[PDB]
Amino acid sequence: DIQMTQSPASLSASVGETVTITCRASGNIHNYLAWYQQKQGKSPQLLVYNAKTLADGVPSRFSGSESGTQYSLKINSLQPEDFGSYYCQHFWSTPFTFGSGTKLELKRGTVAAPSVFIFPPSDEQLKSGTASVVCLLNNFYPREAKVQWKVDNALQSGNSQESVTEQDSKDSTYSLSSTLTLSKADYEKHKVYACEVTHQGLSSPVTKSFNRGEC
């Protein structure tokens, strides 16, 4: 068994920049190393094979290199079409394992703070016995954001789920939804529902709240 150790797991780079993606084989795989690129919701496509040969159609800004059990994919002068995920794979002995992957996202030139909004549960949903509270963080960069739910100023845990959009191709930002779900009975124990957001674009955390019954 030969495993491929890939790094880094994530890369942020701007158009025109150069990046290096690395894979170490846990044993000699000779030159039997391929690289693939995969765009969201598409099948992977072959970029490089025999460690250093470019596949048909692949631009020369891509290069593969080999140094013993260390293999590298380098991309010079990144273009918009280059963003996505990359995987190495060896073909020496069974099983023919893949590296764990590298996600290459676009580094927006400037930080963008999220615009934050909080949505109370509706009268209609409340009828049915459940209360979903939704916090929206809109068009932010970079990806890292902390969203914390507080109920009557008490910190919540284990009762919310987050979802995030694909980086916008045009402005390079993300948006995120965090949903707090409570039974009606639990919802009715408390008054102040708030989401507090921490992010590099905010000199201080931002808190949006409502009072149950206010709307």
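For every residue, the number given is its place in the sequence shown, counted from 1.
Of the two stretches examined, 119 to 127 and 85 to 93, the record assigns the greater average C-alpha temperature factor to 119 to 127.
Averaged over Cα atoms, the B-factor as recorded in the entry is higher for 165 to 173 than for the other of 165 to 173 and 43 to 51. Of the candidates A154, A34, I29, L182, it is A154 whose Cα B-factor is highest according to the PDB record. Ranked against the other modelled residues of its chain, the C-alpha B-factor of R24 as given in the entry falls in the highest third.
Placement of the Cα temperature factor of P59 within the chain: middle third of the modelled residues, per the deposited record. Annotation for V192: CA B-factor lies in the lowest third of the chain's modelled residues. Ranked by Cα temperature factor within the chain, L106 sits in the middle third according to the deposited record. The deposited CA B-factor of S77 belongs to the middle third of values across its chain.
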